[PDB]
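J.: Here it is, the structure, as C-alpha cells.
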RNA sequence: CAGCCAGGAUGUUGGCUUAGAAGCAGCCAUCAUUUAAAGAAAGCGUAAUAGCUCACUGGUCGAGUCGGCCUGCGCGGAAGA
RNA sequence: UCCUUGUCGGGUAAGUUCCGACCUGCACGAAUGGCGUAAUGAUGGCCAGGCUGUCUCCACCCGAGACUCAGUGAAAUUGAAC
RNA sequence: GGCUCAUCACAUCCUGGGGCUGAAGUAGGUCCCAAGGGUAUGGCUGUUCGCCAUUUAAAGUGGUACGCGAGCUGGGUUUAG
Ligand SMILES: Nc1nc2c(ncn2[C@@H]2O[C@H](COP(=O)(O)OP(=O)(O)O)[C@@H](O)[C@H]2O)c(=O)[nH]1
Ligand SMILES: [Mg+2]
C-alpha cells in the first residue's frame, strides 16, 4: 500500500521486560497532507501526491505556492507520491497520520545514504590490498589489472573500479518495527536506516514475506 | 530384496602414470633444460563392507571394475595426479577366493573394515630426475609399473549367529512366524522357502540374536534334489545349530531313519561343520495330544542316540517357543567369541 | 575470535597445557571462531604422564575468548587467556574429567551443556 | 516446580530400571543447575533406552527439554528439564569421573 | 489388413533331469484325430498348477492392405569459449 | 648409478630444504693439497624463543604531493585524422 | 610462477529438474536438461602440477597468444664475478 515520508533523528535502543536489547532508529513522521490524486483517466496510473514538513513562505516559489494553494494545503519541505494498492481511495487535502503502521509489523525504508566522496576501489567493493612489502613499489591499494591482453582490446562495461559513494537512493528490506508513537508523531523501527540525521526518508510497508 | 545370488568379478588396478620427456623452449632462447616431471600413482581398489547391500546382484551386472589410470607426466615439470581409489560396496560376511592355488584374503565380520585387494602401479620417472653433468641431455624415462590383476570369487555367507536346519515342510518358515519379525513365505508344500530370509529376535534390551533360514534337502552329494551344497555354504559361522524334526507327518514317513541320514550327510559337507554344538527340537505337536507326544518324543532320542533335552516346540501354535529362546540365549552369553 | 594457527590454553585435566588450534570449522572460508565452536587442535606441550601426548591432532571446544562474547543486552564477557577443552575426534564427548575456570552461559545454546555441568564457577 | 518435578522423574526412571540414584542439592554452589540427580544404566542400550523415554514423556509433559548430548556415543549422555538436570550413566565410565561433589 | 463380439478344447497332469517343470529351466521324433477354424505352441505369474494371451477361424464394419528393390529432396548423428 | 623426491628419526598436524647413520657406496684425493679445526664473517641454507599491520583485514590520524585559484612555465612522440 | 582484477563456453564439482536401475528407505551408479550463484586453508619446492594435514557443497574442465610488469612481484630462467 501507500507509504509515509519522515525525517531521521537518531538511533537508540529499547529495553524489554524479558531482557532483550533491540536497537531502534527514531523516525519523525508528521501529518502527511496529500496534494493531488492521479487516476487511470488522467495519466494511466493510480498515485497520490503528498508533502510533509513546513517551509517559509519567503522562498516558496509561485509555481510551488500555486500548486499548494490548488489543494488548499500548506507548504512542505519536499514533495513525493506513492502507488495505490488497487482498491483504496483517497481525497485531496486529507492528512495521513501514523497509526496505519500499527499492524504492518514490517516496513521498507528508503532514502539517500551518506556521501563518502570519491572513494577508492579498495573501499567501494572491498578490493583485496596488495602486499605493502616484498619489493612492492608505488602500488599498495591500486586496483591493478583491468583487462586481458589484446583479446578484448578494451575494458568491459560495468567494471568495478574507483568511483564515488553515497548521494544515491538506498533501500533496506523488511525492517522490523518496535512501537508506533501517535500522540508525539514518532516512528520506531528496529535496525539502521540509510542516510544521516536530518535527511528525508521514505517508509513503506514491506513488500516481501 | 527377495533373491540372493553369488558370482565372480574381475578387478584391475591402474598402472602408474608413465614418465614424460620434454625440453623447455622459451620464446627467444631455443635451448632449455630437460623439462618434464613424474607420473601419477595408479588407483588402488578397496574392499569395503556395507549394511544396505545384502546380495551380489550388481556384481552379476558388472563383472569388471576399472581403477583410475595414473595421469601421464606433462611439461613444466608437472606430475600427474594419483588415480582415485575405487571403493566397492559389499555385504558383510563375504569370502573371496582366487585361482592358481588361491586362498582367502580376509574375513569381514563387522562393518567399516576396508580391505586392500588391488595395488595400482606406481609412477615412472621423467627426464628431469635423470639430471647429471656427463649426460646433460636425458632422453631416458622409466615406464610405469604394471597394475595388479586378479579374479575374485565373491562368496556371500550370512552373519547367522543362530543357524537352524530342519526337515522339509517341517515349519522352518513357520518357526519364523513366531516373535521373530521376519515374514518368510509359508505354505504346506515341500521346500516352501528357497531364499534365505534371516530374522532377529529381541527378547529384551542389550540382548538379541539373529536367526537364518536354510531349506531342507534330500541325500545327494551332487546338486540333485533341487537343493544342496549351494545352500549349506551360508553356514559355518553359526555359534549354535538348531535341528528341527517333525512329529507324525500328515503324509510323510515317520522319522526313524530319515532323521538319522540328515545327520550323516552333515559330516561329508566339508568338515562335519567343525562338530559344532547342535540342538535338536521338535515340531508338529499341536496336531496330536500334548501327553501323547511326550513318550514318543524321547523314544526318538535314544533311537537316534540323542541324549539332550529334546525340546518340544510348537512353531505355529506358539507354545514353548519362548522356552527355547531363554535356554539358547543363556548359552550364547556364557560363551563369547574367543 | 580464534582463527587458524592460534595458540590457546587448556581448560581441563586431560593432560595438555599449551595447545595450538589448526583448523576452525563451520563452513567454507570459515574466518574466526566464536565461543561455542568445534575447532581442531594440535598438542604442543603436555605432561608426559598425561592421558594425551604431544603432536596429536584432534577436536576441541573454546571456553574463554580474549575478545569475549556478546550478550543480547549489550554486554560482553572478556577473558585473559583463550582456553579449550579436549574432545575426541570421532565423537564429540570431552576428554578431561574436570574443567578449570568459569564457562559462560552462552554454551547452552550451542548444545554442549555437559561442559557447563562441570566448572562450578559460573 | 522444584520438588514437584524432582519427584516426577525419580519415581518414573526407577520404573525403567533406574539403579543407584543420588539426590544432590547444589543451591548456592552453581547458578545454572538446581538439582543433580544421577542415574545408572547397564550398558549402551539401557542408557539410550531410558534417555529416549525421558525426553519422549517430557514432550507430553509440557516442558520442552533444552538439549541433549548423547550422539552416536553412550559414554556420556545428559538431558535437561529446565530447572532440574538428570544424568543417566553406566557403571564403567562413572568411576572415571568424580562423584557427588560436582 | 487392422478393429469389435467369441472359440481356444481335446488321448493329455508328454517321457527322462525330475523335490517341484504339466506350452512357457534342460531333447525332439515334432506326433493327428476328433468337430474343424487352433500349435504335445511364440509371451505374463509362480513350481507346476489354475488364469491372461497369440498365430488361426466364425460374425459385423466395407475397399485397399502387406515389405522388399532403385532414386530426388529431408531428419538425428552435428558440444567452445 | 637409480625409484617409492631413498626411507626410516628429529624439526611440523602436514617438511622436493637442514641435520650422524643403514647401502647396491669407492671419482675425486693427498700442495691444480686431504681430514678435523677454537675464534672470526653486512657469507649459503634450516629451526626455535620474545616481538609486531608481513597477513586474515584493514581502519583512523599527522605532514608533502595529487585537486581549485594567482604567477612563471618543459618533456619524450607526432604522415594526416571528422 | 605468485598478488589485485576478472570475463566467457558447458564436455556440470555442488546446489535444481528428471530417465533407467540388477532403485525396499537412507545411501548409491549411469545418462539427459540446466552456467543463476558458489567453487578452500597450510608444510615441501621458484614453482604449474603433485604428496601430505584438515574442512565444507565442491574445492570443475578449457579459451582469454597456455589473460593480466605503460598494475605489482624478479623467487626460476637470469650478460658481466
Ligand atoms: N499345526 C501345526 N502346523 C505347523 C507347525 N509348524 C509348521 N506347521 C505347518 O507346516 C507347513 C509347512 O511348513 P514349511 O514352511 O514348508 O516348513 P519347511 O518344510 O521346513 O519349509 C506350514 O504351512 C505350517 O502351517 C505346528 O507346530 N503346528
Ligand atoms: Mg519352511
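Residue numbers (the authors' numbering), protein chains in the order written: chain D, 1 to 209; chain 9, 1 to 338; chain K, 1 to 122; chain 6, 2 to 103. All C-beta atoms, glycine included, are put in the ideal place defined by N, C-alpha and C.
#1: Distance check for residue 141 (chain D) and residue 12 (chain K), CA to CA, integer angstroms please.
#2: How would you call residue 82 (chain 9), buried or exposed, if buried means at least 16 neighbouring beta carbons within 10 angstroms?
#3: Could you list the residues in the stretch 195-217 of chain 9 with a C-beta less than 8 angstroms from some C-beta on chain 6, going in chain order?
#4: Could you tell me whether the stretch 199-209 of chain 9 touches the stretch 279-298 of chain 9, using the rule of 3 or more Cβ pairs below 8 angstroms?
#5: Classify residue 57 (chain K) as buried or exposed, calling it buried when 16 or more other Cβ atoms lie within 10 Å of its own Cβ.
#6: Which residues have their C-beta within less than 5 angstroms of a heavy atom of ligand 2, listed in chain order?
#7: Touch check for the stretch 98-117 of chain D and the stretch 169-181 of chain D: three-plus C-beta pairs under 8 angstroms?
#8: Can you tell me whether residue 72 (chain 9) sits near ligand 1, meaning its C-beta is under 8 angstroms from at least one heavy atom of the ligand?
#9: Exposed or buried, which one is residue 126 (chain D) when buried takes at least 16 other CB atoms within 10 Å?
#10: Go ahead and label residue 326 (chain 9) buried or exposed: buried means 16 or more other beta carbons lie within 10 angstroms of its beta carbon, across all protein chains shown.
#11: Flag residue 88 (chain 6) as yes if its beta-carbon sits less than 9 angstroms from any beta-carbon of chain 9, otherwise no.
#12: What are the residues of the stretch 45-75 of chain K that lie near chain D, defined by any Cβ-Cβ distance shorter than 9 angstroms?
#13: So, does the CB of residue 104 (chain D) fall closer than 9 angstroms to a CB anywhere in chain K?
#14: State yes or no: is the C-beta of residue 169 (chain 9) nearer than 8 angstroms to some heavy atom of ligand 1?
#15: Exposed or buried, which one is residue 59 (chain 9) when buried takes at least 16 other CB atoms within 10 Å?
#16: Throw me the rounded Cβ distance for the residue 316 (chain 9) and residue 247 (chain 9) pair, which I believe falls under 8 angstroms.
#17: Output the distance between the C-alpha atoms of residue 114 (chain D) and residue 164 (chain D), rounded to the nearest integer angstrom.
#18: Taking the runs of the beta strand (DSSP E) that are 3 residues or longer, which of them lie wholly in the stretch 71-97 of chain 6?
#19: Can you tell which of 128 (chain 9), 312 (chain 9), 237 (chain 9) has its C-alpha closest to the C-alpha of residue 276 (chain 9)?
#20: Looking at ligand 1, does it come within less than 8 angstroms of residue 286 (chain 9), judged from the CB to the closest heavy atom?
#21: Can you give me the C-alpha to C-alpha distance between residue 94 (chain K) and residue 273 (chain 9), rounded to a whole angstrom?
#22: Excluding sequence positions up to five away, which residues of its chain have a Cβ less than 8 angstroms from the Cβ of residue 130 (chain D)?
#23: Going by DSSP in three states, residue 326 (chain 9) sits in which element: helix, strand or coil?
#24: Count the other C-beta atoms from every protein chain shown that fall within 10 angstroms of the C-beta of residue 92 (chain 6), then say buried if there are 16 or more, exposed otherwise.
#25: At which residues does the beta strand (DSSP E) containing residue 212 (chain D) begin and terminate?
#26: Return the chain-ordered ranges of every beta strand (DSSP E) run that is complete within the stretch 8-32 of chain K and spans a minimum of 3 residues.
#27: Is it a yes or a no for the stretch 59-67 of chain 6 touching the stretch 100-107 of chain K, going by three-plus beta-carbon pairs under 8 angstroms?
#28: Can you tell me which residues form a DSSP beta bridge with residue 32 (chain D)?
#29: At a cut of 8 angstroms, does the stretch 178-192 of chain D reach the stretch 9-22 of chain D through at least three beta carbon pairs?
#30: Using a Cβ-Cβ cut-off of 6 angstroms (strictly less than) and excluding sequence neighbours within five positions of residue 7 (chain K), which residues of its own chain qualify?
#31: So residue 59 (chain 6) is in the alpha helix (DSSP H); what residue range does that whole segment cover?
#32: Note down, in chain order, each residue of its chain lying with its Cβ closer than 6 angstroms to the Cβ of residue 49 (chain 6), except the 5 sequence neighbours on either side.
#33: Is it the case that the stretch 91-98 of chain 9 contacts the stretch 26-43 of chain 9, given that we only count it when at least three CB pairs across the two stretches are under 8 angstroms?
#34: Would you check if the stretch 172-189 of chain 9 and the stretch 218-229 of chain 9 touch, i.e. whether three or more CB-CB distances between them fall below 8 angstroms?
#35: For residue 259 (chain 9), is the beta carbon positioned less than 8 angstroms from some heavy atom of ligand 1?
#36: Should residue 189 (chain 9) be listed as close to ligand 1, given that the test is whether its C-beta is under 8 angstroms from any heavy atom?
T.: If we stick to the structure as given:
#1: Taking the straight line from one Cα to the other gives about 46 angstroms.
#2: Taking all protein chains in view, the Cβ of residue 82 (chain 9) is crowded by 16 or more other Cβ atoms within 10 Å, so the residue is classified as buried.
#3: Cβ contacts with chain 6: 205, 206.
#4: Segments in contact, no.
#5: Under this definition residue 57 (chain K) is an exposed residue.
#6: Each of 172 (chain 9), 173 (chain 9), 192 (chain 9), 193 (chain 9) has a C-beta closer than 5 angstroms to some heavy atom of ligand 2; these make up the full list, in chain order.
#7: Yes, the stretch 98-117 of chain D is in contact with the stretch 169-181 of chain D.
#8: Answer for residue 72 (chain 9): no, Cβ out of range of ligand 1.
#9: It is exposed - the Cβ of residue 126 (chain D) has fewer than 16 other Cβ atoms within 10 Å.
#10: Taking a 10 Å sphere around the C-beta of residue 326 (chain 9), we find fewer than 16 other C-beta atoms and assign the residue as exposed.
#11: No - not a single Cβ of chain 9 is within 9 angstroms of the one on residue 88 (chain 6).
#12: Per Cβ criterion, the list reads 71, 72, 73, 74, 75.
#13: Chain K contact via Cβ: absent.
#14: It does: the Cβ of residue 169 (chain 9) is within 8 angstroms (strictly closer) of some heavy atom of ligand 1.
#15: Here residue 59 (chain 9) is buried, its C-beta having at least 16 other C-beta atoms within 10 Å.
#16: Incorrect: roughly 13 angstroms between the Cβ atoms, too far for contact.
#17: Cα atoms of residue 114 (chain D) and residue 164 (chain D): separation of roughly 11 angstroms, rounded to the nearest angstrom.
#18: Contiguous beta strand (DSSP E) elements confined to the stretch 71-97 of chain 6 occur at 78-81, 85-91, taking only those with 3 or more residues.
#19: Comparing alpha carbon positions, the residue from 128 (chain 9), 312 (chain 9), 237 (chain 9) closest to residue 276 (chain 9) is 237 (chain 9).
#20: Result yes, Cβ under 8 angstroms from ligand 1.
#21: C-alpha separation (whole angstroms): 47 angstroms.
#22: Only 136, 139, 140, 141, 142, 144 meet the Cβ criterion.
#23: Helix, per DSSP.
#24: Per the 10 Å Cβ criterion, exposed.
#25: The requested residue 212 (chain D) does not occur in the structure, where chain D is confined to residues 1 to 209.
#26: Counting whole runs of 3 or more residues, the stretch 8-32 of chain K contains the beta strand (DSSP E) stretches 16-24.
#27: Not touching, per the Cβ criterion.
#28: Partner(s): 96 (chain D).
#29: Here the stretch 178-192 of chain D lies against the stretch 9-22 of chain D, with 3 or more beta-carbon pairs under 8 angstroms apart.
#30: Spatial neighbours of residue 7 (chain K) in its own chain (CB-CB distance under 6 angstroms, excluding positions within 5 residues in sequence) are listed in chain order as 20.
#31: Note, residue 59 (chain 6): alpha helix (DSSP H), 45-61.
#32: Short of 6 angstroms from the beta carbon of residue 49 (chain 6), and not among the five residues preceding or following it, lie these beta carbons of its own chain, in chain order: 75.
#33: Two segments are said to touch when three or more pairs of C-beta atoms, one from each, lie closer than 8 angstroms; by this definition the stretch 26-43 of chain 9 does not touch the stretch 91-98 of chain 9.
#34: Of all C-beta pairs linking the stretch 218-229 of chain 9 to the stretch 172-189 of chain 9, fewer than three are shorter than 8 angstroms, placing the two stretches out of contact.
#35: No.
#36: Yes, since a heavy atom of ligand 1 falls inside the 8 angstroms radius drawn around the Cβ of residue 189 (chain 9).
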